[PDB]
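Per-entry structural report
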Amino acid sequence: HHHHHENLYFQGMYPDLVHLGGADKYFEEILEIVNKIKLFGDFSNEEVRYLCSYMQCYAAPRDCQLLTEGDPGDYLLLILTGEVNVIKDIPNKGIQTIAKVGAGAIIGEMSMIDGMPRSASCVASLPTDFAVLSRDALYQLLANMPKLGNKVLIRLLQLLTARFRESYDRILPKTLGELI
Amino acid sequence: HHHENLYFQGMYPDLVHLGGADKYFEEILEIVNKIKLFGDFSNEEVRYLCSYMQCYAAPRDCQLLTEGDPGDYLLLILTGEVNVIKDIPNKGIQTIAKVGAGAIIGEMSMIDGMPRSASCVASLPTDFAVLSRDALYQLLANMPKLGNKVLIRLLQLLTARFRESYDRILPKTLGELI
Ligand SMILES: Nc1ncnc2c1ncn2[C@@H]1O[C@@H]2COP(=O)(O)O[C@H]2[C@H]1O
Ligand SMILES: Nc1ncnc2c1ncn2[C@@H]1O[C@@H]2COP(=O)(O)O[C@H]2[C@H]1O
C-alpha cells in the first residue's frame, strides 16, 4: 500500500524510471551494503530479507536526475548498480561535483532523516538500479522491529561519519582564509 | 565509575567530577528533544538515559578532545564554548567550527572507531556529560526503542553539521573538489 502510493510518486515525478519490483531481487547486494556496519554486529540473512520487504527498486537511465538540490524529499536510495555524480550549486563557484559514488553507495539519507530540502543534486551518469527506503517505511520498521532498526540507524551513522571524514579531508585543504 | 578512555586522558586531572547526568536532567532534556519527525523523548526516557552518563567541569583552554586520539565516547556540552580545531594539510592548524551549550561533540569516533577527526578546546570553562560507546551498547541491548531515539538524534546532529558546514565552507574553496 505504502509502496503502491510510493510507486505513483516515482512514476509521476520520475518519468524515466522503470519499476523493478521488490528489493528481494537484490538481496545479495543489499546484504553486502548493510553488512559494511562495524562495531555493533552484523545483519542476519533473515534480518536482510525482512528489510528487503520494506523496499521497491527502480532502473534509471544515464542522465537521470535521481535527486535535485532544494527539492523536498523523505526517501533514501541504495545504489545497487551504476554511478552517480553528486553536485551542488556552490555560491561564488557555480555548479560543481562534490562527490562521485557507485554500486554500494547510499544517497538521499540526509533529507530522509531530517526533513530539510535535498542538500545536493544526484545524477545517474550510467544506467543505475536502486532500492528506495522512505521515512514512513523506516518509521514502521523502528516501531515493529526496533533492534533491527538500530542496526539500520548505526549503518546510516557510519555512512555519515565516513562521508564527513572523507569529504573534509578532500575539501578543507582547498579552502581560502578563515573558516569561521 | 568514570569512563576508561576519559579517565586516562592527560587532561583528566584538570576536570572536576560534577556527578551523574541526573543532576543536569533539564539541560539533557533540552539537548535530546531537538529530535524531529520521529517522536520526542518522554521525561521518563530522559531520566533513564541520564543514568548512563557522568558530568564534568573543564577549565578554560582544556583540550576536551585531541585529534588523533582513540575516541569511544561523545560529549553533550551543558555550558561553555568550544573551538573545533584541525591540522589542515597545506593550510596548517585552523579553527573550523565553534560550538556552545547544547552541542554534541565526539560523536564520530564514538560511532565509527576511527581516531578523533579534530581537537576540541574549551575557550571558556565548559561543563559536559559523557556517553561512552559501551553505555550506548547497553542502552541498545536494554532498551532498543529508546536507543532508536538516541540514534535518530545523533543522525540529525550529523546531517545538520553536514549542511551547516557546506553552507559555510564550500564557498571558500578554490578549484575542483574531486
Ligand atoms: N560529500 C558527499 N559524498 C557523497 N554523497 C553526498 C555528499 N554530500 C551529499 N551527498 C548526497 O547527496 C544527497 C542529496 O540529497 P540528501 O541531502 O537528502 O542526501 C545527500 C547525500 O546522500
Ligand atoms: N564542522 C564541524 N562542526 C562541529 N563539530 C565538528 C566539526 N568537525 C568536527 N567536529 C567535532 O569534532 C570532533 C572531534 O572528535 P570526533 O571526530 O569524534 O567528532 C568530532 C565532531 O564532534
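Residues numbered from 1 in each chain as written, not as in the entry; some residues may be left out. Chains lettered and ligands numbered in written order. Heavy atoms only, no water. Residues with missing side-chain atoms left out of burial classes, pairs and counts.

Per the deposition metadata, X-ray crystallography was the technique used to determine this entry, at a resolution of 1.790 Å.

1. Digging into the site of ligand 2
Put simply, the rule is: Definition of nearness: a residue and a molecule or strand are near each other if at least one heavy atom of the residue lies within 4 Å of the molecule or strand. Pairs of N or O atoms within 3.5 Å make up the polar contacts considered here, provided that, within protein, one atom can donate a hydrogen while the other can accept it, and that residues adjacent in sequence are counted only when both atoms are side-chain atoms. Values of accessible area rely on a 1.4 Å probe in the Shrake-Rupley scheme; residue burial ignores everything except the protein chains shown. Strands here are runs of E lasting at least two residues and helices are runs of H or I lasting at least four, both read from the DSSP assignment and numbered beginning at the N terminus.
Around ligand 2 sit 15 residues, and of these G106, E107, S109, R116 and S117 of chain B come closest. Ligand 2 sits at the junction of chains A and B, each of which supplies nearby residues. In the model, an oxygen atom of ligand 2 is placed 2.6 Å from a nitrogen or oxygen of the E107 of chain B side chain. In the model, an oxygen atom of ligand 2 is placed 3.3 Å from a nitrogen or oxygen of the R161 of chain B side chain. Contact with the protein chains removes 96% of the 460 Å² of surface that ligand 2 exposes when unbound. Elements represented by at least two residues in the shell around ligand 2 include exactly β5 (92-100) and α4 (107-112) of chain B. In terms of residue count, the dominant contributor to the shell around ligand 2 is α4 of chain B (3 residues).

2. Comments concerning the interface of chain A and chain B
How we decide: Residue contacts are counted whenever heavy atoms from the two residues lie within 4.5 Å of one another. In this count, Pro and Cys sit with the nonpolar residues alongside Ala, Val, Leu, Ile, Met, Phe, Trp and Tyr, while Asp, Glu, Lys and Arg are called charged and the others, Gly among them, polar.
Chain A puts 56 residues into the contact, and the matching count from chain B is 54 residues. At the level of elements, β5 (83-90), β6 (94-102), α4 (109-114), α5 (135-144) and α6 (146-171) of chain A are the ones that each hand at least two residues to the side of chain A that touches chain B. Of all the elements, α6 of chain A adds the most residues to the side of chain A that touches chain B, at 19 residues. Its residues assigned to classes, the side of chain A that touches chain B shows 30 nonpolar, 12 polar and 14 charged.

3. Focus: the sheet that holds strand β2 (residues 56-60) of chain A
All names here are of chain A. Our working rule: Following DSSP output, two strands are said to pair if at least two bridges run between them.
With antiparallel pairing, 5 strands are arranged side by side in an open sheet as β1-β2-β9-β4-β7. The open sheet has two edge strands, β1 (18-22) and β7 (106-107), and neither has a second partner. Here β1 runs beside β2; their pairing, made up of 4 bridges, is antiparallel. Paired with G21 across the two strands is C57, which belongs to β2.

4. With respect to the nonpolar core
How we decide: By convention a nonpolar core is built from buried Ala, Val, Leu, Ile, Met, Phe, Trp, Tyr and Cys residues, the set being connected through side-chain atoms within 4.5 Å. Any residue under 20% of the maximum accessible area for its type is buried, any over 50% is exposed, and the rest in between are partly exposed; the area is computed with a 1.4 Å probe on protein chains only.
Grouped together as the largest cluster of nonpolar side chains are 133 residues, with contacts concentrated most on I30 and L66 of chain A together with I28 of chain B. Setting aside anything within four residues of it in sequence, one finds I28 of chain B in contact with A21, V46, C50, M53, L76, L78 and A129 of chain B.

5. Considerations on the environment of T68 of chain A
All names here are of chain A. Note on placement: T68 falls in the loop between β3 (64-67) and β4 (75-79). Along the backbone, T68 and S121 are 53 residues apart, and their C-alpha atoms lie at a distance of 4.1 Å. The residues contacting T68, other than those within four sequence positions of it, are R118, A120 and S121. Separated by 2.8 Å, the side chains of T68 and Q65 make a polar contact.

6. Quick word on the packing of aromatic side chains
The cut-off we apply is this: The pairing test for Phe, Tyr and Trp rings, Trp by its six-membered ring, is centres within 6.5 Å, and the orientation test on the planes gives stacked under 30 degrees, edge-to-face over 60, and tilted for anything in between. Here, a charge over a ring is recorded when the distance from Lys NZ or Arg CZ to the ring centre is within 6 Å and its angle to the ring normal is within 35 degrees.
Tallied over the full model, the rule gives 19 aromatic pairs over all chains. Aromatic side chains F10 of chain A and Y75 of chain A sit 5.0 Å apart centroid to centroid with 65° between the ring planes, which places their arrangement in the edge-to-face category. Within this pair, whereas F10 of chain A is found in helix α1 (residues 2-13), its partner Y75 of chain A is found in strand β4, the two being separated by 65 residues in sequence. Residues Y7 of chain B and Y12 of chain B carry aromatic rings whose centres are separated by 4.9 Å and whose planes lie at 50° to one another, so their mutual orientation is tilted. A network of ring pairs unites the aromatic residues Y9, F10, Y14, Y58, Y75 and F130 of chain A as a single cluster. Of note, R49 of chain A hangs over the ring of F27 of chain A, and the distance from its end group to the ring centre comes to 3.9 Å. For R118 of chain A, the ring lying beneath its charged end belongs to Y75 of chain A, and the centroid distance is 4.6 Å.

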